[PDB]
$ cat query.txt   # compact mmCIF, C-alpha atoms
# COMPACT_ATOMS: atom_id res chain seq x y z
CA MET S 1 19.38 -5.41 10.55
CA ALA S 2 16.42 -4.56 8.29
CA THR S 3 13.82 -6.38 10.37
CA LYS S 4 12.66 -3.74 12.84
CA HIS S 5 9.84 -2.42 10.66
CA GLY S 6 7.46 -5.07 11.91
CA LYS S 7 5.38 -7.84 10.36
CA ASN S 8 2.81 -5.20 9.59
CA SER S 9 5.10 -3.17 7.32
CA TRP S 10 4.31 -5.24 4.20
CA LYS S 11 0.70 -4.58 4.98
CA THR S 12 1.37 -0.94 5.54
CA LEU S 13 2.74 -0.96 2.01
CA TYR S 14 -0.34 -2.79 1.06
CA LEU S 15 -3.20 -0.88 2.58
CA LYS S 16 -1.30 2.03 1.10
CA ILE S 17 -0.80 0.24 -2.20
CA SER S 18 -4.49 -0.06 -2.68
CA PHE S 19 -5.18 3.37 -1.23
CA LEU S 20 -3.26 5.49 -3.75
CA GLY S 21 -4.18 2.89 -6.28
CA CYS S 22 -7.74 4.10 -5.68
CA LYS S 23 -6.78 7.63 -6.42
CA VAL S 24 -5.23 6.28 -9.50
CA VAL S 25 -8.23 4.09 -10.03
CA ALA S 26 -10.03 7.36 -10.30
CA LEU S 27 -7.80 8.30 -13.21
CA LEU S 28 -7.48 4.78 -14.63
CA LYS S 29 -10.86 3.02 -14.32
CA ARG S 30 -12.58 6.15 -13.11
$ encode --input "query.txt" --output "structure tokens"
Amino acid sequence: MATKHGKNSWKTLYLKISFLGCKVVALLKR
């Protein structure tokens, strides 16, 4: 259980994590 997301999932969080963090970079660092 809780292991069927894949070994890419963390990275999916990650490429996402930076992605919206860019949007927010636009508000933060601009």
$ atom_distance --input "query.txt" --atom1 "CA of residue 15 in chain S" --atom2 "CA of residue 2 in chain S"
20.8 Å
$ atom_distance --input "query.txt" --atom1 "CA of residue 19 in chain S" --atom2 "CA of residue 6 in chain S"
20.1 Å
$ atom_distance --input "query.txt" --atom1 "CA of residue 24 in chain S" --atom2 "CA of residue 7 in chain S"
26.6 Å
$ decode --input "query.txt" --residues "chain S" --atoms "N, CA and C atoms" --output "PDB file, in the first residue's frame"
ATOM      1  N   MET S   1       0.844  -1.216   0.000  1.00  0.00           N
ATOM      2  CA  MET S   1       0.000   0.000   0.000  1.00  0.00           C
ATOM      3  C   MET S   1       0.869   1.252   0.000  1.00  0.00           C
ATOM      4  N   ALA S   2       0.405   2.290  -0.701  1.00  0.00           N
ATOM      5  CA  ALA S   2       1.097   3.577  -0.762  1.00  0.00           C
ATOM      6  C   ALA S   2       2.485   3.431  -1.375  1.00  0.00           C
ATOM      7  N   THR S   3       2.536   2.836  -2.557  1.00  0.00           N
ATOM      8  CA  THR S   3       3.795   2.635  -3.256  1.00  0.00           C
ATOM      9  C   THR S   3       3.548   2.428  -4.749  1.00  0.00           C
ATOM     10  N   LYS S   4       2.338   2.745  -5.178  1.00  0.00           N
ATOM     11  CA  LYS S   4       1.935   2.535  -6.563  1.00  0.00           C
ATOM     12  C   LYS S   4       1.874   3.856  -7.321  1.00  0.00           C
ATOM     13  N   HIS S   5       2.520   4.878  -6.780  1.00  0.00           N
ATOM     14  CA  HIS S   5       2.555   6.181  -7.438  1.00  0.00           C
ATOM     15  C   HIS S   5       3.723   6.230  -8.409  1.00  0.00           C
ATOM     16  N   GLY S   6       4.749   5.449  -8.105  1.00  0.00           N
ATOM     17  CA  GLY S   6       5.918   5.384  -8.956  1.00  0.00           C
ATOM     18  C   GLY S   6       7.112   6.077  -8.335  1.00  0.00           C
ATOM     19  N   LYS S   7       8.295   5.812  -8.870  1.00  0.00           N
ATOM     20  CA  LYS S   7       9.517   6.435  -8.371  1.00  0.00           C
ATOM     21  C   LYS S   7       9.732   7.787  -9.021  1.00  0.00           C
ATOM     22  N   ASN S   8       8.750   8.184  -9.785  1.00  0.00           N
ATOM     23  CA  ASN S   8       8.752   9.472 -10.457  1.00  0.00           C
ATOM     24  C   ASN S   8       7.914  10.485  -9.685  1.00  0.00           C
ATOM     25  N   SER S   9       6.985   9.982  -8.879  1.00  0.00           N
ATOM     26  CA  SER S   9       6.058  10.808  -8.111  1.00  0.00           C
ATOM     27  C   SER S   9       6.756  11.944  -7.360  1.00  0.00           C
ATOM     28  N   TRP S  10       7.834  11.641  -6.632  1.00  0.00           N
ATOM     29  CA  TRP S  10       8.549  12.651  -5.859  1.00  0.00           C
ATOM     30  C   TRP S  10       9.009  13.762  -6.785  1.00  0.00           C
ATOM     31  N   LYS S  11       9.290  13.364  -8.014  1.00  0.00           N
ATOM     32  CA  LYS S  11       9.841  14.243  -9.008  1.00  0.00           C
ATOM     33  C   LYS S  11       8.719  15.026  -9.641  1.00  0.00           C
ATOM     34  N   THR S  12       7.564  14.396  -9.682  1.00  0.00           N
ATOM     35  CA  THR S  12       6.361  15.027 -10.157  1.00  0.00           C
ATOM     36  C   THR S  12       5.938  16.115  -9.186  1.00  0.00           C
ATOM     37  N   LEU S  13       6.233  15.893  -7.907  1.00  0.00           N
ATOM     38  CA  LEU S  13       6.021  16.911  -6.888  1.00  0.00           C
ATOM     39  C   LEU S  13       6.993  18.033  -7.130  1.00  0.00           C
ATOM     40  N   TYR S  14       8.119  17.643  -7.680  1.00  0.00           N
ATOM     41  CA  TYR S  14       9.307  18.446  -7.686  1.00  0.00           C
ATOM     42  C   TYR S  14       9.342  19.381  -8.873  1.00  0.00           C
ATOM     43  N   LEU S  15       9.128  18.826 -10.048  1.00  0.00           N
ATOM     44  CA  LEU S  15       9.063  19.627 -11.251  1.00  0.00           C
ATOM     45  C   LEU S  15       7.870  20.570 -11.140  1.00  0.00           C
ATOM     46  N   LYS S  16       6.921  20.165 -10.300  1.00  0.00           N
ATOM     47  CA  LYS S  16       5.762  20.965  -9.989  1.00  0.00           C
ATOM     48  C   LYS S  16       6.179  22.025  -8.984  1.00  0.00           C
ATOM     49  N   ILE S  17       6.929  21.567  -7.986  1.00  0.00           N
ATOM     50  CA  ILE S  17       7.347  22.373  -6.849  1.00  0.00           C
ATOM     51  C   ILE S  17       8.092  23.610  -7.293  1.00  0.00           C
ATOM     52  N   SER S  18       8.822  23.457  -8.366  1.00  0.00           N
ATOM     53  CA  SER S  18       9.612  24.539  -8.885  1.00  0.00           C
ATOM     54  C   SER S  18       8.747  25.376  -9.811  1.00  0.00           C
ATOM     55  N   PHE S  19       7.874  24.681 -10.526  1.00  0.00           N
ATOM     56  CA  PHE S  19       6.948  25.289 -11.468  1.00  0.00           C
ATOM     57  C   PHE S  19       6.104  26.388 -10.824  1.00  0.00           C
ATOM     58  N   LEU S  20       5.301  26.043  -9.822  1.00  0.00           N
ATOM     59  CA  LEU S  20       4.413  27.038  -9.227  1.00  0.00           C
ATOM     60  C   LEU S  20       5.244  27.988  -8.398  1.00  0.00           C
ATOM     61  N   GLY S  21       6.403  27.495  -7.997  1.00  0.00           N
ATOM     62  CA  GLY S  21       7.354  28.293  -7.273  1.00  0.00           C
ATOM     63  C   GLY S  21       7.962  29.376  -8.150  1.00  0.00           C
ATOM     64  N   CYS S  22       7.722  29.255  -9.452  1.00  0.00           N
ATOM     65  CA  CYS S  22       8.170  30.221 -10.448  1.00  0.00           C
ATOM     66  C   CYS S  22       7.160  31.326 -10.521  1.00  0.00           C
ATOM     67  N   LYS S  23       5.916  30.891 -10.581  1.00  0.00           N
ATOM     68  CA  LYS S  23       4.775  31.767 -10.517  1.00  0.00           C
ATOM     69  C   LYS S  23       4.882  32.640  -9.307  1.00  0.00           C
ATOM     70  N   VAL S  24       5.283  31.998  -8.242  1.00  0.00           N
ATOM     71  CA  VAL S  24       5.413  32.660  -6.975  1.00  0.00           C
ATOM     72  C   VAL S  24       6.718  33.407  -6.923  1.00  0.00           C
ATOM     73  N   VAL S  25       7.668  32.949  -7.706  1.00  0.00           N
ATOM     74  CA  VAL S  25       8.900  33.692  -7.879  1.00  0.00           C
ATOM     75  C   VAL S  25       8.569  35.023  -8.490  1.00  0.00           C
ATOM     76  N   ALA S  26       7.575  35.012  -9.357  1.00  0.00           N
ATOM     77  CA  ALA S  26       7.141  36.218 -10.007  1.00  0.00           C
ATOM     78  C   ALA S  26       6.576  37.199  -8.995  1.00  0.00           C
ATOM     79  N   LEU S  27       5.975  36.696  -7.919  1.00  0.00           N
ATOM     80  CA  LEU S  27       5.468  37.597  -6.896  1.00  0.00           C
ATOM     81  C   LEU S  27       6.520  37.878  -5.818  1.00  0.00           C
ATOM     82  N   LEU S  28       7.402  36.911  -5.604  1.00  0.00           N
ATOM     83  CA  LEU S  28       8.410  36.981  -4.551  1.00  0.00           C
ATOM     84  C   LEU S  28       9.676  37.728  -4.993  1.00  0.00           C
ATOM     85  N   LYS S  29      10.434  37.147  -5.918  1.00  0.00           N
ATOM     86  CA  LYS S  29      11.657  37.780  -6.411  1.00  0.00           C
ATOM     87  C   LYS S  29      11.327  38.736  -7.532  1.00  0.00           C
ATOM     88  N   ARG S  30      10.299  38.361  -8.272  1.00  0.00           N
ATOM     89  CA  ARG S  30       9.810  39.117  -9.413  1.00  0.00           C
ATOM     90  C   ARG S  30      10.824  39.099 -10.552  1.00  0.00           C
TER      91      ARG S  30
END
